[PDB]
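All residue numbers for the sequence shown refer to PDB author numbering, where the first residue is 67 and numbers rise by one.
Inspection log for the structure reproduced underneath, given as structure tokens.
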Amino acid sequence: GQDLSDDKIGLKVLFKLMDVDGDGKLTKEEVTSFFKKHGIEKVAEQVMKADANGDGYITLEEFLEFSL
Ligand SMILES: [Ca+2]
Ligand SMILES: [Ca+2]
């Protein structure tokens with residue numbers, strides 16, 4: 067009876083999992099470690115150019131915005 071999690075349940079899980087600090091937001095450094103798994107460095111320019119708020123970190127929302 068419990069409503070499952072949006073099809074993006076996987077993305078949300080991984081993101082949160084990478085955030086052992088349970089802050090709900092990943093920092094530039096974190097974004098590099100997560101993407102590092104692919105060996106892609108472009109993630110740095112993408113996360114820096116995607117940060118319109120210059121907060122230096124991305125929350126669940128942002129993480130879901132960077133997937134395509
Ligand atoms: Ca984090
Ligand atoms: Ca941001």
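Even for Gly, the Cβ is constructed at its ideal location relative to N, Cα and C.
>> Taking the straight line between their C-alpha atoms, what separation do you get for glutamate 128 and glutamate 111?
In response: Against the sequence shown, residue 128 aligns to sequence position 62. Against the sequence shown, residue 111 aligns to sequence position 45. In a straight line, the C-alpha of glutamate 128 is about 15 Å away from that of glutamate 111.
>> Considering only heavy atoms of ligand 1, does any lie closer than 8 Å to the CB of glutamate 96?
In response: If you number the sequence shown from 1, residue 96 lands on position 30. Result yes, Cβ under 8 Å from ligand 1.
> Any heavy atom of ligand 2 closer than 8 Å to the CB of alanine 118?
Replying inline: Here residue 118 refers to the residue found at position 52 of the sequence shown. Yes.
>> Using 8 Å for Cβ pairs, my map puts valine 97 next to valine 86. What's the rounded Cβ distance?
In response: Within the sequence shown, numbered from 1, the residue matching residue 97 stands at position 31. Within the sequence shown, numbered from 1, the residue matching residue 86 stands at position 20. Their Cβ separation, rounded to whole angstroms, is 15 Å, which puts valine 97 and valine 86 out of contact at 8 Å.
>> Less than 9 Å between the beta carbons of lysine 74 and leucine 134, yes or no?
In response: Taking the sequence shown and counting its residues from 1, one reaches residue 74 at position 8. Taking the sequence shown and counting its residues from 1, one reaches residue 134 at position 68. Result no, Cβ atoms of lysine 74 and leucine 134 do not sit closer than 9 Å.
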